[PDB]
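*Asks:* Following our numbering, the numbering of the sequence shown begins with 75 at its first residue and continues without gaps.
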Amino acid sequence: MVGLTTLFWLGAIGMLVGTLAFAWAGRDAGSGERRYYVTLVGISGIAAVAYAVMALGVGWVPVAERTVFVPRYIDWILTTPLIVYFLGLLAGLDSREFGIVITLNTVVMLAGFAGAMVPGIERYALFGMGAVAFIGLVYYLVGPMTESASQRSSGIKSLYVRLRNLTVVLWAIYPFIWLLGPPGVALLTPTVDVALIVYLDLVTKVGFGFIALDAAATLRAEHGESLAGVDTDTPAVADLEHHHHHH
Ligand SMILES: *C/C=C(C)/C=C/C=C(C)/C=C/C1=C(C)CCCC1(C)C
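(1) Within a Cβ cutoff of 7 Å, which residues of the same chain sit near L178, ignoring the five residues on either side of it in sequence?
(2) Note down, in chain order, each residue of its chain lying with its Cβ closer than 7 Å to the Cβ of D267, except the 5 sequence neighbours on either side.
(3) Between the stretch 153–165 and the stretch 220–228, can you find at least three pairs of beta-carbon atoms closer than 8 Å?
(4) The alpha helix (DSSP H) with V259 in it runs from where to where?
(5) Between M203, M128 and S118, which has its C-alpha nearest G88's C-alpha?
(6) For the stretch 105–124 and the stretch 290–303, state whether three or more C-beta atom pairs, one from each stretch, are separated by less than 8 Å.
(7) Using a threshold of 7 Å, state whether the C-beta atoms of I174 and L152 are closer than that.
(8) Give the DSSP bridge partners of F250, in chain order.
(9) Along the chain, which unbroken stretches of the alpha helix (DSSP H) at least 4 residues long are found entirely within the stretch 109–137?
(10) Can we say the stretch 195–207 touches the stretch 270–277, given the rule of at least three CB pairs closer than 8 Å?
(11) Please report the Cβ distance between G204 and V182, rounded to the nearest whole angstrom; I am assuming they are in contact, meaning their Cβ atoms lie under 8 Å.
(12) Could you check how far apart the C-beta atoms of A86 and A126 are, in whole angstroms? I think they sit under 8 Å.
(13) With which residues is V142 paired in a DSSP beta bridge?
(14) Given a cut-off of 7 Å, decide if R238 and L262 are closer than it, judged by their beta-carbon atoms.
(15) Among residues of its own chain, excluding the 5 on either side of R140, which ones have a beta-carbon nearer than 7 Å to its beta-carbon?
(16) Quick one: Cα of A129 to Cα of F82, how far?
(17) Should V142 go down as buried or exposed, given a rule of 16 or more other Cβ atoms within 10 Å for buried?
(18) Span of the alpha helix (DSSP H) holding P264?
(19) Determine whether the beta carbon atoms of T154 and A122 lie at a separation below 7 Å.
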């Protein structure tokens, strides 16, 4: 529609805000945190373009009587695994462990994708696994990641609790918006439901990303910027104690 595009436009605005908030504050950061910054910027960025394109009407595919958005579902495939990846950076999982969280997000996002691409009502089955699988992911959020992060660093505990709790909550809302919204049985208005959806992606990235800045700001503020080497030739002596007095 013509008024539906407004949604993607709005979401795109929130993305621009985050992108800059993390880009500017990120460049001012020290050496090491850049990983968490570039990552956070990556999600807000990929999303920003997805909203801008969908906002123009491109990527829209027709389906019998309903319309599915490819760039939307695909955007999630690129963002969702990126979010869980962020959580993995905080705690610090293993090589195989990282593959488990990402592989799960792949099959999950794949369930929903084909979910809306159903010619009848088979979607109930696709999402069926999407829900069970979903719980699997949320489990990891409050699973081993708890002991891994709580034992990684002092600041990690703060960023882990705020991010994990916040993310899982709003994320746990997805099963409702997809099932109830148009992608499922369409309870509310196509425009209203979408508003919540875009809001869900916009809240995850920007939401923790904002809290992300505050926390990281305290990490560097506890010592005023990360320490580094200094250039100084021939130090200043003050104590040496002589051993020769009588000879
Ligand atoms: C920035 C965008 C984000 C964080 C998007 C997250 C999306 C999800 C967690 C979507 C989950 C879904 C399921 C668990 C079931 C199948 C349908 C989906 C794709 C709505």
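We treat Cβ as the ideally placed atom computed from N, Cα and C, and that holds for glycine.
*Replies:* Once the coordinates are examined:
(1) Position 104 of the sequence shown, counted from the first residue, corresponds to residue 178. Counting only Cβ-Cβ distances below 7 Å, and skipping sequence neighbours, we find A207, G210 and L211.
(2) Translated into positions along the sequence shown, residue 267 becomes position 193. Setting aside the 5 residues that flank it on each side, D267 is surrounded in the same chain by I251, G255 and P256, each with a C-beta closer than 7 Å to its C-beta; the list follows chain order.
(3) yes
(4) By 1-based counting over the sequence shown, the position of residue 259 is 185. Premise fails: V259 is in no alpha helix (DSSP H) and is neither H nor E.
(5) For the purposes of this step, residue 88 is taken as the residue at position 14 of the sequence shown. Nearest in C-alpha terms to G88, of all of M203, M128 and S118, is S118.
(6) yes
(7) In the sequence shown, residue 174 corresponds to position 100, counting from 1. In the sequence shown, residue 152 corresponds to position 78, counting from 1. Cβ atoms of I174 and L152: not closer than 7 Å.
(8) For the purposes of this step, residue 250 is identified with residue 176 of the sequence shown, where counting begins at 1. Paired residues: none, contrary to the question.
(9) none
(10) no
(11) In the sequence shown, counting from the first residue as 1, residue 204 sits at position 130. In the sequence shown, counting from the first residue as 1, residue 182 sits at position 108. Confirmed, about 6 Å.
(12) Within the sequence shown, numbered from 1, the residue matching residue 86 stands at position 12. Within the sequence shown, numbered from 1, the residue matching residue 126 stands at position 52. Indeed they touch by this definition, with Cβ atoms about 5 Å apart.
(13) Here residue 142 refers to the residue found at position 68 of the sequence shown. BP columns for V142 point to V135.
(14) Position 188 of the sequence shown holds residue 262. Position 164 of the sequence shown holds residue 238. Contact flag unset, no.
(15) For the purposes of this step, residue 140 is taken as residue 66 along the sequence shown, with counting starting at 1. Excluding sequence neighbours, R140 sits near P256.
(16) As a first step, residue 129 is located in the sequence shown; it is residue number 55 there, counting from the start. As a first step, residue 82 is located in the sequence shown; it is residue number 8 there, counting from the start. A direct Cα-Cα distance of roughly 5 Å separates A129 from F82.
(17) By 1-based counting over the sequence shown, the position of residue 142 is 68. Flag for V142 reads buried.
(18) In the sequence shown, the residue the question calls residue 264 occupies position 190. Counting along the chain, the alpha helix (DSSP H) containing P264 begins and ends at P264 to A295.
(19) By 1-based counting over the sequence shown, the position of residue 154 is 80. By 1-based counting over the sequence shown, the position of residue 122 is 48. No, these two residues do not count as a Cβ contact at 7 Å.
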